[PDB]
Amino acid sequence: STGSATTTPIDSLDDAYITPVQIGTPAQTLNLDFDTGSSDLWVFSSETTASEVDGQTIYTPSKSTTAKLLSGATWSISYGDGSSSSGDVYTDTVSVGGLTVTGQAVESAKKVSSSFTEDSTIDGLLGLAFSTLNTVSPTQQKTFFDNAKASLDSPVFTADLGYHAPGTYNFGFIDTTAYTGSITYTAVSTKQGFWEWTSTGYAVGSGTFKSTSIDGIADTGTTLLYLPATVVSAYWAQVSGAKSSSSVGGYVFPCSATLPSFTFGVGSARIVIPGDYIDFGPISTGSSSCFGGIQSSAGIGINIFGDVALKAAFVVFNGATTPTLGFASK
Ligand code: NA
């Protein structure tokens, strides 16, 4: 089997992407944030504290003939941005882009933090990291990909995120029409539960490539590219008037600037992030200070190849017995 679903930016900045997901019988369609940096499929629901719901579509298990309470199971998760959610668990039928899993754990939120409530466009998360990170207790649950894997034509999924445009998540096949040149595959460590890999270096604009190992994670649920402070300083030094602002919480730059590209290495291959991808717009409405899309990972304890990086590539998440990542230009 295969599946193929379109993923759509939630706003004009590509702050996140949402993908429609069918849950239950008859189908309830929720727009979920597919997150290769976490491993829980959780949804706003009929159980979510009413004051914490503001415009999201909810899953109502009582209206699904295939829903069943997973008795005694609870979940609670905290993300890198400080947000959190928790609740209880149902199993139900879940379909993505025509690919169906029966008996998928659907984590129903009883509580969500303010940033979830405030984002009316995201109805929950669908985690695509390794199932070792799933938070369900006392019986850890599998991700949608892990449950689908054995049925897929190939044990893979791909992320093809758009810049200011829709893109695609495919399950079970490589769309050889969706990228240019060849796919370069690179090793993955699953030891922290992430799609963790090592980039071979970077370049800023038309500058020379710096060969250096940068360990980090491929994380579709993170908006920005978080790299070591040395790398980030070298990038922003090429932008007149850019500076790190402790008050704003990262590098800012004049909205009048033209940003340089940023290149990262995948083995001997190179992915180029156009400068425009690094512009996250005014820090507050009407400001002439703009927020940068490349930020320091210092204090986060890991480098994160978030959407700024991934949307410059066609990315293969290869879930074979020994997982690997693949990157192609597009
Ligand atoms: Na922000």
# chains A, B, ... in the order shown; residues from 1 in each chain; ligands from 1
>>> residues_near_ligand(ligand="ligand 1", cutoff="12 Å", atoms="only C-alpha atoms and all ligand atoms", output="PyMOL selection string")
chain A and resi 13-16+81+115+222-224+248-252+279-284+290-295
>>> write_last_selection(atoms="N, CA and C atoms", output="PDB file, in the first residue's frame")
ATOM      1  N   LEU A  13       3.995  32.788   6.645  1.00  0.00           N
ATOM      2  CA  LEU A  13       5.409  32.636   7.037  1.00  0.00           C
ATOM      3  C   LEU A  13       5.845  31.188   6.988  1.00  0.00           C
ATOM      4  N   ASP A  14       4.961  30.242   6.732  1.00  0.00           N
ATOM      5  CA  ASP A  14       5.276  28.811   6.823  1.00  0.00           C
ATOM      6  C   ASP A  14       5.638  28.482   8.273  1.00  0.00           C
ATOM      7  N   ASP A  15       4.874  28.989   9.222  1.00  0.00           N
ATOM      8  CA  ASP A  15       5.213  28.677  10.609  1.00  0.00           C
ATOM      9  C   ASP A  15       5.041  27.190  10.940  1.00  0.00           C
ATOM     10  N   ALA A  16       4.134  26.531  10.260  1.00  0.00           N
ATOM     11  CA  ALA A  16       3.930  25.090  10.397  1.00  0.00           C
ATOM     12  C   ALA A  16       3.140  24.679   9.194  1.00  0.00           C
ATOM     13  N   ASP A  81       9.496  23.933  22.409  1.00  0.00           N
ATOM     14  CA  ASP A  81       9.034  25.327  22.481  1.00  0.00           C
ATOM     15  C   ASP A  81       8.339  25.608  23.817  1.00  0.00           C
ATOM     16  N   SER A 115      -0.321  27.893  23.721  1.00  0.00           N
ATOM     17  CA  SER A 115       0.094  28.070  22.320  1.00  0.00           C
ATOM     18  C   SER A 115      -0.757  27.187  21.426  1.00  0.00           C
ATOM     19  N   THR A 222       9.479  21.526  13.711  1.00  0.00           N
ATOM     20  CA  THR A 222      10.188  22.735  14.138  1.00  0.00           C
ATOM     21  C   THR A 222      10.262  23.682  12.963  1.00  0.00           C
ATOM     22  N   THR A 223       9.915  24.951  13.159  1.00  0.00           N
ATOM     23  CA  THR A 223       9.850  25.907  12.041  1.00  0.00           C
ATOM     24  C   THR A 223      11.225  26.237  11.487  1.00  0.00           C
ATOM     25  N   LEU A 224      12.164  26.534  12.373  1.00  0.00           N
ATOM     26  CA  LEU A 224      13.449  27.161  12.014  1.00  0.00           C
ATOM     27  C   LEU A 224      14.597  26.171  11.980  1.00  0.00           C
ATOM     28  N   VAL A 248      14.278  40.002  22.003  1.00  0.00           N
ATOM     29  CA  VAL A 248      13.376  39.346  21.019  1.00  0.00           C
ATOM     30  C   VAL A 248      13.510  37.825  21.109  1.00  0.00           C
ATOM     31  N   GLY A 249      14.681  37.332  21.471  1.00  0.00           N
ATOM     32  CA  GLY A 249      14.920  35.887  21.596  1.00  0.00           C
ATOM     33  C   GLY A 249      15.608  35.287  20.383  1.00  0.00           C
ATOM     34  N   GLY A 250      16.450  36.031  19.700  1.00  0.00           N
ATOM     35  CA  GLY A 250      17.307  35.470  18.667  1.00  0.00           C
ATOM     36  C   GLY A 250      17.800  36.553  17.756  1.00  0.00           C
ATOM     37  N   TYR A 251      18.375  36.129  16.666  1.00  0.00           N
ATOM     38  CA  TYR A 251      18.872  37.030  15.629  1.00  0.00           C
ATOM     39  C   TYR A 251      17.703  37.688  14.912  1.00  0.00           C
ATOM     40  N   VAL A 252      17.881  38.985  14.754  1.00  0.00           N
ATOM     41  CA  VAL A 252      16.990  39.879  13.984  1.00  0.00           C
ATOM     42  C   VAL A 252      17.837  40.600  12.954  1.00  0.00           C
ATOM     43  N   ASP A 279      13.785  34.466   5.893  1.00  0.00           N
ATOM     44  CA  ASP A 279      13.062  35.657   6.368  1.00  0.00           C
ATOM     45  C   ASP A 279      11.754  35.260   7.043  1.00  0.00           C
ATOM     46  N   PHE A 280      11.624  35.536   8.333  1.00  0.00           N
ATOM     47  CA  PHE A 280      10.385  35.270   9.075  1.00  0.00           C
ATOM     48  C   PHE A 280       9.658  36.556   9.425  1.00  0.00           C
ATOM     49  N   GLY A 281       9.960  37.643   8.769  1.00  0.00           N
ATOM     50  CA  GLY A 281       9.115  38.821   8.795  1.00  0.00           C
ATOM     51  C   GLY A 281       9.266  39.631  10.057  1.00  0.00           C
ATOM     52  N   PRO A 282       8.489  40.721  10.147  1.00  0.00           N
ATOM     53  CA  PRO A 282       8.609  41.644  11.264  1.00  0.00           C
ATOM     54  C   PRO A 282       8.468  40.961  12.609  1.00  0.00           C
ATOM     55  N   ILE A 283       9.211  41.421  13.579  1.00  0.00           N
ATOM     56  CA  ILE A 283       9.152  40.822  14.934  1.00  0.00           C
ATOM     57  C   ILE A 283       7.834  41.128  15.593  1.00  0.00           C
ATOM     58  N   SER A 284       7.213  42.197  15.253  1.00  0.00           N
ATOM     59  CA  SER A 284       5.880  42.602  15.718  1.00  0.00           C
ATOM     60  C   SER A 284       5.279  43.316  14.568  1.00  0.00           C
ATOM     61  N   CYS A 290      13.196  42.337  11.469  1.00  0.00           N
ATOM     62  CA  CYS A 290      12.681  41.048  11.012  1.00  0.00           C
ATOM     63  C   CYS A 290      13.385  39.904  11.730  1.00  0.00           C
ATOM     64  N   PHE A 291      12.662  38.819  11.917  1.00  0.00           N
ATOM     65  CA  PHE A 291      13.175  37.677  12.668  1.00  0.00           C
ATOM     66  C   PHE A 291      13.873  36.698  11.716  1.00  0.00           C
ATOM     67  N   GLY A 292      15.034  36.230  12.125  1.00  0.00           N
ATOM     68  CA  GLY A 292      15.780  35.306  11.287  1.00  0.00           C
ATOM     69  C   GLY A 292      15.333  33.865  11.368  1.00  0.00           C
ATOM     70  N   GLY A 293      15.521  33.169  10.263  1.00  0.00           N
ATOM     71  CA  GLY A 293      15.155  31.769  10.188  1.00  0.00           C
ATOM     72  C   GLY A 293      16.238  30.776  10.525  1.00  0.00           C
ATOM     73  N   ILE A 294      17.447  31.287  10.756  1.00  0.00           N
ATOM     74  CA  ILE A 294      18.578  30.503  11.251  1.00  0.00           C
ATOM     75  C   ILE A 294      18.896  31.060  12.628  1.00  0.00           C
ATOM     76  N   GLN A 295      18.864  30.214  13.644  1.00  0.00           N
ATOM     77  CA  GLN A 295      19.034  30.635  15.041  1.00  0.00           C
ATOM     78  C   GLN A 295      19.982  29.678  15.717  1.00  0.00           C
TER      79      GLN A 295
END
>>> residues_around(residues="residue 257 of chain A", least_positions_apart="4", cutoff="9 Å", atoms="only C-alpha atoms", output="CSV table (one decimal) with N, CA, C and O atoms, in the first residue's frame")
chain,number,residue,atom,x,y,z
A,239,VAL,N,25.0,39.9,7.0
A,239,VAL,CA,23.8,40.7,6.8
A,239,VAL,C,24.0,42.0,7.6
A,239,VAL,O,24.1,42.0,8.8
A,240,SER,N,24.1,43.1,6.9
A,240,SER,CA,24.4,44.4,7.5
A,240,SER,C,23.2,44.7,8.5
A,240,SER,O,22.1,44.6,8.2
A,241,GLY,N,23.6,45.0,9.7
A,241,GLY,CA,22.7,45.4,10.7
A,241,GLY,C,22.1,44.2,11.5
A,241,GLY,O,21.3,44.5,12.4
A,253,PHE,N,17.2,41.1,11.9
A,253,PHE,CA,17.9,41.8,10.9
A,253,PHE,C,17.0,42.8,10.3
A,253,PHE,O,15.7,42.8,10.4
>>> residues_around(residues="residue 259 of chain A", least_positions_apart="2", cutoff="9 Å", atoms="only C-alpha atoms", output="list in words")
residues 205, 236, 238, 239, 257, 261, 274, 275, 276, 277, 278 and 279 of chain A
>>> residues_around(residues="residue 138 of chain A", least_positions_apart="6", cutoff="12 Å", atoms="only C-alpha atoms", output="PyMOL selection string")
chain A and resi 70-76+88-89
>>> write_last_selection(atoms="N, CA, C and O atoms", output="PDB file, in the first residue's frame")
ATOM      1  N   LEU A  70      -8.713   2.903  25.160  1.00  0.00           N
ATOM      2  CA  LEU A  70      -7.556   2.064  25.533  1.00  0.00           C
ATOM      3  C   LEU A  70      -7.447   2.202  27.059  1.00  0.00           C
ATOM      4  O   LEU A  70      -6.962   3.197  27.602  1.00  0.00           O
ATOM      5  N   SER A  71      -8.065   1.236  27.739  1.00  0.00           N
ATOM      6  CA  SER A  71      -8.364   1.398  29.181  1.00  0.00           C
ATOM      7  C   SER A  71      -7.094   1.558  29.985  1.00  0.00           C
ATOM      8  O   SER A  71      -6.194   0.753  29.897  1.00  0.00           O
ATOM      9  N   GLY A  72      -7.111   2.591  30.797  1.00  0.00           N
ATOM     10  CA  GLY A  72      -6.030   2.917  31.717  1.00  0.00           C
ATOM     11  C   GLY A  72      -4.921   3.711  31.119  1.00  0.00           C
ATOM     12  O   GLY A  72      -4.028   4.082  31.847  1.00  0.00           O
ATOM     13  N   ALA A  73      -4.920   3.906  29.805  1.00  0.00           N
ATOM     14  CA  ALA A  73      -3.768   4.572  29.158  1.00  0.00           C
ATOM     15  C   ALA A  73      -3.897   6.096  29.280  1.00  0.00           C
ATOM     16  O   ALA A  73      -4.949   6.649  29.042  1.00  0.00           O
ATOM     17  N   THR A  74      -2.804   6.743  29.584  1.00  0.00           N
ATOM     18  CA  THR A  74      -2.715   8.208  29.580  1.00  0.00           C
ATOM     19  C   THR A  74      -1.464   8.619  28.835  1.00  0.00           C
ATOM     20  O   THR A  74      -0.551   7.852  28.601  1.00  0.00           O
ATOM     21  N   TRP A  75      -1.425   9.907  28.553  1.00  0.00           N
ATOM     22  CA  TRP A  75      -0.277  10.476  27.839  1.00  0.00           C
ATOM     23  C   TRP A  75      -0.076  11.898  28.321  1.00  0.00           C
ATOM     24  O   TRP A  75      -0.982  12.550  28.773  1.00  0.00           O
ATOM     25  N   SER A  76       1.162  12.349  28.177  1.00  0.00           N
ATOM     26  CA  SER A  76       1.532  13.731  28.537  1.00  0.00           C
ATOM     27  C   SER A  76       2.827  14.032  27.853  1.00  0.00           C
ATOM     28  O   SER A  76       3.769  13.303  27.981  1.00  0.00           O
ATOM     29  N   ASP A  88      -6.109  11.129  27.593  1.00  0.00           N
ATOM     30  CA  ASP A  88      -6.350   9.669  27.560  1.00  0.00           C
ATOM     31  C   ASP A  88      -6.282   9.166  26.139  1.00  0.00           C
ATOM     32  O   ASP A  88      -5.856   9.916  25.222  1.00  0.00           O
ATOM     33  N   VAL A  89      -6.590   7.898  25.898  1.00  0.00           N
ATOM     34  CA  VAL A  89      -6.201   7.276  24.615  1.00  0.00           C
ATOM     35  C   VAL A  89      -7.337   6.415  24.119  1.00  0.00           C
ATOM     36  O   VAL A  89      -7.893   5.610  24.916  1.00  0.00           O
TER      37      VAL A  89
END
>>> select_by_dssp(residues="segment 118-184 of chain A", states="helix (DSSP H, G or I)", output="PDB file with N, CA, C and O atoms, in the first residue's frame")
ATOM      1  N   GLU A 118      -4.272  28.870  21.101  1.00  0.00           N
ATOM      2  CA  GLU A 118      -4.163  30.134  20.333  1.00  0.00           C
ATOM      3  C   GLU A 118      -3.988  29.865  18.862  1.00  0.00           C
ATOM      4  O   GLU A 118      -4.096  30.851  18.080  1.00  0.00           O
ATOM      5  N   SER A 131       9.108   5.191  17.692  1.00  0.00           N
ATOM      6  CA  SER A 131       8.058   4.900  18.681  1.00  0.00           C
ATOM      7  C   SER A 131       8.604   4.827  20.111  1.00  0.00           C
ATOM      8  O   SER A 131       7.838   4.943  21.043  1.00  0.00           O
ATOM      9  N   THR A 132       9.902   4.682  20.276  1.00  0.00           N
ATOM     10  CA  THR A 132      10.553   4.749  21.600  1.00  0.00           C
ATOM     11  C   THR A 132      10.294   6.059  22.298  1.00  0.00           C
ATOM     12  O   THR A 132      10.437   6.103  23.541  1.00  0.00           O
ATOM     13  N   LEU A 133       9.937   7.153  21.594  1.00  0.00           N
ATOM     14  CA  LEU A 133       9.588   8.422  22.262  1.00  0.00           C
ATOM     15  C   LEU A 133       8.114   8.554  22.608  1.00  0.00           C
ATOM     16  O   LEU A 133       7.746   9.546  23.222  1.00  0.00           O
ATOM     17  N   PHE A 144       1.933   6.102  13.656  1.00  0.00           N
ATOM     18  CA  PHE A 144       1.194   5.759  12.436  1.00  0.00           C
ATOM     19  C   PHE A 144       2.117   5.097  11.435  1.00  0.00           C
ATOM     20  O   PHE A 144       1.752   4.082  10.822  1.00  0.00           O
ATOM     21  N   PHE A 145       3.332   5.608  11.269  1.00  0.00           N
ATOM     22  CA  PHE A 145       4.287   5.017  10.306  1.00  0.00           C
ATOM     23  C   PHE A 145       4.690   3.627  10.756  1.00  0.00           C
ATOM     24  O   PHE A 145       4.748   2.719   9.944  1.00  0.00           O
ATOM     25  N   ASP A 146       5.011   3.468  12.029  1.00  0.00           N
ATOM     26  CA  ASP A 146       5.423   2.162  12.523  1.00  0.00           C
ATOM     27  C   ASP A 146       4.279   1.167  12.327  1.00  0.00           C
ATOM     28  O   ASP A 146       4.569  -0.008  11.922  1.00  0.00           O
ATOM     29  N   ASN A 147       3.034   1.519  12.595  1.00  0.00           N
ATOM     30  CA  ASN A 147       1.914   0.596  12.358  1.00  0.00           C
ATOM     31  C   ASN A 147       1.708   0.335  10.884  1.00  0.00           C
ATOM     32  O   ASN A 147       1.382  -0.834  10.539  1.00  0.00           O
ATOM     33  N   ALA A 148       1.944   1.280  10.007  1.00  0.00           N
ATOM     34  CA  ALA A 148       1.719   1.098   8.560  1.00  0.00           C
ATOM     35  C   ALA A 148       2.839   0.333   7.888  1.00  0.00           C
ATOM     36  O   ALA A 148       2.606  -0.210   6.783  1.00  0.00           O
ATOM     37  N   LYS A 149       4.007   0.332   8.483  1.00  0.00           N
ATOM     38  CA  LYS A 149       5.271   0.023   7.759  1.00  0.00           C
ATOM     39  C   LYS A 149       5.168  -1.292   7.002  1.00  0.00           C
ATOM     40  O   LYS A 149       5.511  -1.341   5.799  1.00  0.00           O
ATOM     41  N   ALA A 150       4.793  -2.317   7.695  1.00  0.00           N
ATOM     42  CA  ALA A 150       4.868  -3.677   7.138  1.00  0.00           C
ATOM     43  C   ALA A 150       3.933  -3.765   5.935  1.00  0.00           C
ATOM     44  O   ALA A 150       4.195  -4.647   5.057  1.00  0.00           O
ATOM     45  N   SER A 151       2.879  -2.982   5.833  1.00  0.00           N
ATOM     46  CA  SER A 151       1.923  -2.989   4.715  1.00  0.00           C
ATOM     47  C   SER A 151       2.400  -2.171   3.523  1.00  0.00           C
ATOM     48  O   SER A 151       1.903  -2.317   2.435  1.00  0.00           O
TER      49      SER A 151
END
>>> residues_around(residues="segment 186-191 of chain A", least_positions_apart="6", cutoff="9 Å", atoms="only C-alpha atoms", output="short mmCIF file (atom, residue, chain, number, x, y, z; two decimals) with C-alpha atoms, in the first residue's frame")
data_model
loop_
_atom_site.label_atom_id
_atom_site.label_comp_id
_atom_site.auth_asym_id
_atom_site.auth_seq_id
_atom_site.Cartn_x
_atom_site.Cartn_y
_atom_site.Cartn_z
CA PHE A 130 10.69 6.60 16.51
CA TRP A 197 22.13 12.50 11.32
CA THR A 198 25.41 14.35 10.70
CA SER A 199 25.69 17.09 8.13
CA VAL A 266 24.70 15.78 3.03
CA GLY A 267 27.70 13.55 2.42
CA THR A 322 18.69 0.13 9.62
CA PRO A 323 17.07 3.54 9.13
CA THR A 324 18.68 6.18 6.93
CA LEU A 325 17.79 9.70 5.68
CA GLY A 326 17.93 10.77 2.06
CA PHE A 327 18.12 14.32 0.68
#
>>> select_by_dssp(residues="segment 117-210 of chain A", states="strand (DSSP E or B)", output="NGL selection string")
:A and (124-127 or 137 or 156-160 or 167-171 or 184-187 or 189 or 196-204 or 210)
>>> write_last_selection(atoms="N, CA and C atoms", output="PDB file, in the first residue's frame")
ATOM      1  N   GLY A 124      -4.072  19.081  16.097  1.00  0.00           N
ATOM      2  CA  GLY A 124      -3.280  18.077  16.795  1.00  0.00           C
ATOM      3  C   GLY A 124      -2.044  17.781  16.007  1.00  0.00           C
ATOM      4  N   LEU A 125      -1.283  16.801  16.515  1.00  0.00           N
ATOM      5  CA  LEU A 125       0.030  16.412  15.969  1.00  0.00           C
ATOM      6  C   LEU A 125      -0.022  14.958  15.534  1.00  0.00           C
ATOM      7  N   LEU A 126       0.732  14.637  14.526  1.00  0.00           N
ATOM      8  CA  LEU A 126       0.952  13.243  14.138  1.00  0.00           C
ATOM      9  C   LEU A 126       2.442  13.008  14.147  1.00  0.00           C
ATOM     10  N   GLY A 127       2.928  12.292  15.149  1.00  0.00           N
ATOM     11  CA  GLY A 127       4.366  12.091  15.336  1.00  0.00           C
ATOM     12  C   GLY A 127       4.906  11.027  14.398  1.00  0.00           C
ATOM     13  N   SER A 137       1.378   5.749  28.593  1.00  0.00           N
ATOM     14  CA  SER A 137       1.631   4.944  29.798  1.00  0.00           C
ATOM     15  C   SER A 137       0.338   4.244  30.179  1.00  0.00           C
ATOM     16  N   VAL A 156       9.126   3.439   3.914  1.00  0.00           N
ATOM     17  CA  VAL A 156       9.627   4.811   3.797  1.00  0.00           C
ATOM     18  C   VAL A 156       8.474   5.794   3.887  1.00  0.00           C
ATOM     19  N   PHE A 157       8.786   7.023   4.252  1.00  0.00           N
ATOM     20  CA  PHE A 157       7.904   8.142   3.960  1.00  0.00           C
ATOM     21  C   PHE A 157       8.784   9.292   3.510  1.00  0.00           C
ATOM     22  N   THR A 158       8.201  10.223   2.789  1.00  0.00           N
ATOM     23  CA  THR A 158       8.943  11.358   2.275  1.00  0.00           C
ATOM     24  C   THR A 158       8.247  12.643   2.633  1.00  0.00           C
ATOM     25  N   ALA A 159       9.047  13.654   2.889  1.00  0.00           N
ATOM     26  CA  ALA A 159       8.580  15.008   3.156  1.00  0.00           C
ATOM     27  C   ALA A 159       9.038  15.935   2.072  1.00  0.00           C
ATOM     28  N   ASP A 160       8.110  16.614   1.433  1.00  0.00           N
ATOM     29  CA  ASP A 160       8.374  17.557   0.373  1.00  0.00           C
ATOM     30  C   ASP A 160       7.649  18.839   0.702  1.00  0.00           C
ATOM     31  N   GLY A 167       2.856  21.342  -0.181  1.00  0.00           N
ATOM     32  CA  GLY A 167       3.791  20.277  -0.483  1.00  0.00           C
ATOM     33  C   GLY A 167       3.145  18.961  -0.227  1.00  0.00           C
ATOM     34  N   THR A 168       3.921  17.903  -0.041  1.00  0.00           N
ATOM     35  CA  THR A 168       3.408  16.549  -0.019  1.00  0.00           C
ATOM     36  C   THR A 168       4.116  15.704   1.018  1.00  0.00           C
ATOM     37  N   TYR A 169       3.367  14.869   1.714  1.00  0.00           N
ATOM     38  CA  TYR A 169       3.885  13.712   2.462  1.00  0.00           C
ATOM     39  C   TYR A 169       3.429  12.460   1.743  1.00  0.00           C
ATOM     40  N   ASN A 170       4.381  11.631   1.364  1.00  0.00           N
ATOM     41  CA  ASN A 170       4.088  10.328   0.758  1.00  0.00           C
ATOM     42  C   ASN A 170       4.524   9.225   1.685  1.00  0.00           C
ATOM     43  N   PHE A 171       3.793   8.137   1.687  1.00  0.00           N
ATOM     44  CA  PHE A 171       4.078   6.947   2.481  1.00  0.00           C
ATOM     45  C   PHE A 171       4.186   5.757   1.554  1.00  0.00           C
ATOM     46  N   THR A 184      20.881  11.615  -1.971  1.00  0.00           N
ATOM     47  CA  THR A 184      22.037  11.191  -1.155  1.00  0.00           C
ATOM     48  C   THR A 184      21.576  10.711   0.190  1.00  0.00           C
ATOM     49  N   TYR A 185      21.868   9.484   0.503  1.00  0.00           N
ATOM     50  CA  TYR A 185      21.492   8.891   1.767  1.00  0.00           C
ATOM     51  C   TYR A 185      22.596   9.032   2.797  1.00  0.00           C
ATOM     52  N   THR A 186      22.231   9.158   4.023  1.00  0.00           N
ATOM     53  CA  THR A 186      23.173   9.399   5.144  1.00  0.00           C
ATOM     54  C   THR A 186      22.701   8.619   6.348  1.00  0.00           C
ATOM     55  N   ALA A 187      23.639   8.257   7.216  1.00  0.00           N
ATOM     56  CA  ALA A 187      23.351   7.434   8.378  1.00  0.00           C
ATOM     57  C   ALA A 187      22.488   8.135   9.403  1.00  0.00           C
ATOM     58  N   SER A 189      21.248   7.849  13.569  1.00  0.00           N
ATOM     59  CA  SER A 189      21.258   7.269  14.920  1.00  0.00           C
ATOM     60  C   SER A 189      19.849   7.385  15.465  1.00  0.00           C
ATOM     61  N   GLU A 196      18.216  11.371  13.631  1.00  0.00           N
ATOM     62  CA  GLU A 196      19.445  12.116  13.947  1.00  0.00           C
ATOM     63  C   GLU A 196      20.526  11.726  12.966  1.00  0.00           C
ATOM     64  N   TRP A 197      21.169  12.688  12.375  1.00  0.00           N
ATOM     65  CA  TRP A 197      22.133  12.499  11.318  1.00  0.00           C
ATOM     66  C   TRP A 197      23.268  13.510  11.459  1.00  0.00           C
ATOM     67  N   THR A 198      24.256  13.435  10.620  1.00  0.00           N
ATOM     68  CA  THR A 198      25.408  14.353  10.697  1.00  0.00           C
ATOM     69  C   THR A 198      25.615  15.008   9.370  1.00  0.00           C
ATOM     70  N   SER A 199      25.360  16.304   9.304  1.00  0.00           N
ATOM     71  CA  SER A 199      25.694  17.090   8.134  1.00  0.00           C
ATOM     72  C   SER A 199      27.214  17.235   8.000  1.00  0.00           C
ATOM     73  N   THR A 200      27.679  17.340   6.802  1.00  0.00           N
ATOM     74  CA  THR A 200      29.103  17.426   6.494  1.00  0.00           C
ATOM     75  C   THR A 200      29.625  18.851   6.422  1.00  0.00           C
ATOM     76  N   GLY A 201      28.797  19.870   6.580  1.00  0.00           N
ATOM     77  CA  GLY A 201      29.324  21.227   6.694  1.00  0.00           C
ATOM     78  C   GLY A 201      28.367  22.247   6.130  1.00  0.00           C
ATOM     79  N   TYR A 202      28.869  23.433   5.886  1.00  0.00           N
ATOM     80  CA  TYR A 202      27.980  24.513   5.454  1.00  0.00           C
ATOM     81  C   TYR A 202      28.718  25.538   4.657  1.00  0.00           C
ATOM     82  N   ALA A 203      27.969  26.363   3.947  1.00  0.00           N
ATOM     83  CA  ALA A 203      28.497  27.579   3.305  1.00  0.00           C
ATOM     84  C   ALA A 203      27.492  28.681   3.518  1.00  0.00           C
ATOM     85  N   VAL A 204      27.959  29.910   3.525  1.00  0.00           N
ATOM     86  CA  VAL A 204      27.096  31.109   3.603  1.00  0.00           C
ATOM     87  C   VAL A 204      27.142  31.815   2.283  1.00  0.00           C
ATOM     88  N   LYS A 210      32.637  25.056   4.337  1.00  0.00           N
ATOM     89  CA  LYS A 210      33.363  24.681   5.532  1.00  0.00           C
ATOM     90  C   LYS A 210      33.017  23.235   5.835  1.00  0.00           C
TER      91      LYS A 210
END
>>> closest_residue(among="A:155, A:181, A:193, A:216", to="residue 271 of chain A", atoms="only C-alpha atoms")
A:181
>>> closest_atom_pairs(of="segment 180-264 of chain A", to="segment 299-311 of chain A", cutoff="7 Å", atoms="only C-alpha atoms", output="CSV")
residue,atom,partner,partner_atom,distance
A:215,CA,A:303,CA,6.5
A:216,CA,A:303,CA,4.3
A:217,CA,A:304,CA,5.0
A:218,CA,A:305,CA,4.9
A:219,CA,A:306,CA,4.9
A:220,CA,A:307,CA,5.5
A:221,CA,A:306,CA,6.9
A:222,CA,A:306,CA,4.7
A:223,CA,A:307,CA,4.9
A:224,CA,A:306,CA,5.0
A:225,CA,A:306,CA,5.0
A:226,CA,A:304,CA,4.9
A:227,CA,A:303,CA,5.1
A:228,CA,A:303,CA,6.9
>>> write_last_selection(atoms="N, CA and C atoms", output="mmCIF file, in the first residue's frame")
data_model
loop_
_atom_site.group_PDB
_atom_site.id
_atom_site.type_symbol
_atom_site.label_atom_id
_atom_site.label_comp_id
_atom_site.auth_asym_id
_atom_site.auth_seq_id
_atom_site.Cartn_x
_atom_site.Cartn_y
_atom_site.Cartn_z
ATOM 1 N N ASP A 215 25.975 17.364 13.934
ATOM 2 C CA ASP A 215 24.961 16.361 14.321
ATOM 3 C C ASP A 215 23.649 17.081 14.546
ATOM 4 N N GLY A 216 22.540 16.602 14.026
ATOM 5 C CA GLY A 216 21.266 17.228 14.333
ATOM 6 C C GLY A 216 20.131 16.354 13.915
ATOM 7 N N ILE A 217 18.927 16.839 14.098
ATOM 8 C CA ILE A 217 17.740 16.024 13.805
ATOM 9 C C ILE A 217 16.946 16.616 12.661
ATOM 10 N N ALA A 218 16.344 15.774 11.842
ATOM 11 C CA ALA A 218 15.418 16.223 10.783
ATOM 12 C C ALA A 218 14.042 16.319 11.401
ATOM 13 N N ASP A 219 13.537 17.530 11.612
ATOM 14 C CA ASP A 219 12.344 17.764 12.449
ATOM 15 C C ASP A 219 11.320 18.634 11.736
ATOM 16 N N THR A 220 10.329 17.992 11.097
ATOM 17 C CA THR A 220 9.306 18.751 10.385
ATOM 18 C C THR A 220 8.431 19.575 11.306
ATOM 19 N N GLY A 221 8.397 19.283 12.571
ATOM 20 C CA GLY A 221 7.587 20.019 13.528
ATOM 21 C C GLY A 221 8.270 21.235 14.105
ATOM 22 N N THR A 222 9.479 21.526 13.711
ATOM 23 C CA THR A 222 10.188 22.735 14.138
ATOM 24 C C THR A 222 10.262 23.682 12.963
ATOM 25 N N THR A 223 9.915 24.951 13.159
ATOM 26 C CA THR A 223 9.850 25.907 12.041
ATOM 27 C C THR A 223 11.225 26.237 11.487
ATOM 28 N N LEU A 224 12.164 26.534 12.373
ATOM 29 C CA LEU A 224 13.449 27.161 12.014
ATOM 30 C C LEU A 224 14.597 26.171 11.980
ATOM 31 N N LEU A 225 15.740 26.661 11.522
ATOM 32 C CA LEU A 225 16.998 25.911 11.465
ATOM 33 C C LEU A 225 17.838 26.365 12.655
ATOM 34 N N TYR A 226 18.118 25.447 13.589
ATOM 35 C CA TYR A 226 18.892 25.729 14.805
ATOM 36 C C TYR A 226 20.233 25.034 14.704
ATOM 37 N N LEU A 227 21.294 25.824 14.703
ATOM 38 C CA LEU A 227 22.660 25.316 14.472
ATOM 39 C C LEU A 227 23.597 25.908 15.507
ATOM 40 N N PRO A 228 24.837 25.396 15.574
ATOM 41 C CA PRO A 228 25.760 25.919 16.576
ATOM 42 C C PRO A 228 25.994 27.401 16.434
#
>>> residues_around(residues="residue 1 of chain A", least_positions_apart="5", cutoff="7 Å", atoms="only C-alpha atoms", output="PDB file with C-alpha atoms, in the first residue's frame")
ATOM      1  CA  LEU A  99      -3.300   4.745   3.576  1.00  0.00           C
ATOM      2  CA  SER A 151       1.923  -2.989   4.715  1.00  0.00           C
ATOM      3  CA  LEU A 152       3.775  -0.352   2.678  1.00  0.00           C
ATOM      4  CA  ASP A 153       5.268  -1.088  -0.717  1.00  0.00           C
ATOM      5  CA  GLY A 172       5.445   3.767   0.938  1.00  0.00           C
TER       6      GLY A 172
END
>>> residues_around(residues="residue 60 of chain A", least_positions_apart="5", cutoff="10 Å", atoms="only C-alpha atoms", output="ChimeraX atom specification")
/A:23-24,28,43-47,67,108
